[PDB]
């Protein structure tokens, strides 16, 4: 009984459809893109060409919604990299000491990830993906949404698709503002923080012995220094490749040519490690850039009136600067928020509004971590009324620089710090007296003077071929 319509067949649409199918009779997923039968790139998800990190916090939610997905990923070549034992990271406060594992992440191409999530989701015969279909309008009115009017791209025919619950997961380019304007709802408050960052990514084939068990490598900007923020990240993926992404805020954007890529990875960042590693490797693709960098949030939950049977989640409600890598886990967290409201209120009046409010709390931590670090860079453009970004930005940056400094050299602080950064624990968890005590205890190890690479990792950057 009861039917749901999901707008957009990306990561959020699939996760929300897996969940919704356990509460409703039928799920229909509408997407305007065409979907490949294998793990390939598609135009509906252009971000798939850049490095994608799946933090533990989101990974554990994906596992719960789609049991077995983690292993199908690992079974297909994805790497499980422990944090911080498997990262070589030059943070704004110096090198992170590689303490034993506290959290983890899954390292794979986004194309493989999306395909593995879709395939596992669509095993449920009651979910149906409707490809190459444009979303024209929401059916019903400002009081209650009753489905969506769509158009088939091939035939051009328009038809209405009924629904007791419509979920918009059309991503960052969501037409939800248009859709609800045609419904007759007021425009929602839009908050954004635009550092003006730009991405540049190339694929590489790793040295043969380094195809497995290689660490995640990152060089971070110093947000405290009044200079454009430049970063560089090297991540293993399936089939013995490395995806390498370099980024830079307004005034420090990486170039588009292959030659300038290696120099930026060498000279454009605060340490040339990533530039040194990619020179052990062979390029496979040319430079791909992207400007989809703005942290933008739509406060749908604060509207004066909200229709029953309508929910917005994923990038359509809150998108982030990708250098922190929270987007997918934020979408996962908001699917569990919808699920929790479904079990509490079923489909009674108030479900859509209660879900929209709960989704706003679900994404808040990822929204704060990104905006409070982007707001400092020179030339940053902002539109916000949030006091945490306007009034208490200086004091919140003072506590955060001391947790970050100590976490590089204190095991307890790091543990609690990476639990928050991977969205495996809430913001309040940093207020545990046991955490602030360790912060006051100070460093237990010296600050590393060189990149903390293992000899056996560096050893596998060469083959030894020309040696009798």
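For the two forms, the rigid core is made up of the largest set of C-alpha atoms that agree within 1.5 Å on superposition. Positions refer to the first chain, counted from 1.
Taken in 4 other deposited structures of this protein and fitted on the core, 319 to 327 and 390 to 398 differ in how far their Cα atoms move from the shown form, and the one that moves more is 390 to 398. The question of which stretch, 333 to 341 or 225 to 233, has the higher mean Cα B factor is settled in favour of 225 to 233. Between 427 to 435 and 23 to 31, the higher mean Cα B-factor belongs to 427 to 435. Per the PDB record, 261 has a higher Cα B-factor than any other of 242, 261, 192, 367. When the C-alpha B factors of 394, 147, 94, 314 are read from the deposited coordinates, the top value falls at 394. Sort the modelled residues of the chain by CA B factor and residue 404 lands in the middle third. The entry lists a Cα temperature factor for residue 382 that places it in the middle third of the chain's modelled residues. Residue 156: CA B factor in the highest third of modelled residues in this chain (values from the PDB entry). Per the deposited record, the Cα B-factor of residue 101 falls in the middle third when ranked against the other modelled residues of its chain. In this PDB entry, residue 301 carries a Cα temperature factor that places it within the middle third of its chain's modelled residues.
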